[PDB]
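Here you get one chain, nothing else, as structure tokens; it is the form solved without the ligand.
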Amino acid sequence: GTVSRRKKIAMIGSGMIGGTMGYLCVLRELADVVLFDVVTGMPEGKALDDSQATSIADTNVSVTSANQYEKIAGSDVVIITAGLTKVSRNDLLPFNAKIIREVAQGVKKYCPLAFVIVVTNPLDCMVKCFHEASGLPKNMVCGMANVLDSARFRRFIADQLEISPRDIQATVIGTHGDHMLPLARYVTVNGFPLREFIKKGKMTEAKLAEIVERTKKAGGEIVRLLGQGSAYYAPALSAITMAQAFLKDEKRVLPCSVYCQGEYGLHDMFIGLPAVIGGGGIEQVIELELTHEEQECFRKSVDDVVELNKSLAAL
């Protein structure tokens, strides 16, 4: 009887990020939500909590919990946070590759036409692992990391310039850790190069460097401060912004881990790069004219990913 069905997003992993992405769907009435996890009780508790929030938000989406993959059938988007968060993130490889392969089998069987956003660390490597195991088209698989990294880069710059982060364009590309690459040269204030602001003394080169470093250390700082767990509010919104850009065919520039077949001279691997997300999934991969120095920094990020993928293959 239903002619116009709601979009459906399956959260594979119902931890803090998963439950929070479910909350965002309720607040924005973005889609029905399935909180999936191989955990007893907890996912149902969060589904009841999120479901009950629809009343106060005056929205109507269905939030349910599941532990069997058949329940993710028909999902338009799948967001994966399942996997270990601690035992180096590189060290998570063996344990999470196994989990990601199980998720890939579930998606391949029940919702192979979905757009998939991986969050599981080590991210770039796990995205490749999911892509290989699931068999999905390269434009329908990506990883969330750089949107979150860029959010931090932007917030720090916005604080210094006293301008809303909406008007700060700052992008981080590459992989996780200290090799991530906050592109200082491409930071703009509504398209106006940051270098002009530095020249006017609105920000010093030293402050910029401090911000670049802070962007790299941001996730670890939150981990240290929380004492248990890791960030979830910004990560959840980062992933849902990518999901909405796909669902509503918005065509948003959102840096994320995408499959390369020549871009930046890279082949057969996923790495964080500026991309356009729309109803066709990853519709564009933007290849920046990196300077020689930037390429050298980027190569280190690339090498980190290549090394992990080498180890992944050895499994």
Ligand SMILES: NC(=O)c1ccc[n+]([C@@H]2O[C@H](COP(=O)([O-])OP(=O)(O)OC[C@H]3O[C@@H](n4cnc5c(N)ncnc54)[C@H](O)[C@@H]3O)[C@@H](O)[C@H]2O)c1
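Residues carry their position along the shown sequence, with the first being 1.
FYI, the form deposited with the ligand bound isn't displayed, but the following is about it.
- At a distance threshold of 4.5 angstroms between non-hydrogen atoms, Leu84 is in contact with the ligand in the deposited complex.
- Contact annotation: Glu102 falls within 4.5 Å of the ligand in the deposited complex, judged by heavy atom distances.
- Although the partner is absent here, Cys260 sits far enough away that none of its heavy atoms falls within 4.5 Å of the ligand in the deposited complex.
- With a 4.5 Å cutoff on heavy atoms, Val306 does not count as touching the ligand in the deposited complex; it lies far away.
- In terms of contact with the ligand in the deposited complex, the residue from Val77, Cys129, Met144, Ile240 that brings a heavy atom within 4.5 Å is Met144.
- Interface residue among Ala151, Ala231, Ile198, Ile163 relative to the ligand in the deposited complex, by the heavy atom within 4.5 Å criterion: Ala231.
- Candidate site formed by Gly13, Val38 and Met42: every one of these residues places a non-hydrogen atom within 4.5 angstroms of the ligand in the deposited complex.
- Listed stretches are 106-114, 89-97, 185-193, 205-213; the contact stretch with the ligand in the deposited complex is 89-97, by a heavy atom cutoff of 4.5 Å.
- For the stretch 116-131, the set of residues having any non-hydrogen atom within 4.5 angstroms of the ligand in the deposited complex comprises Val119, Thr120, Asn121, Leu123, in sequence order.
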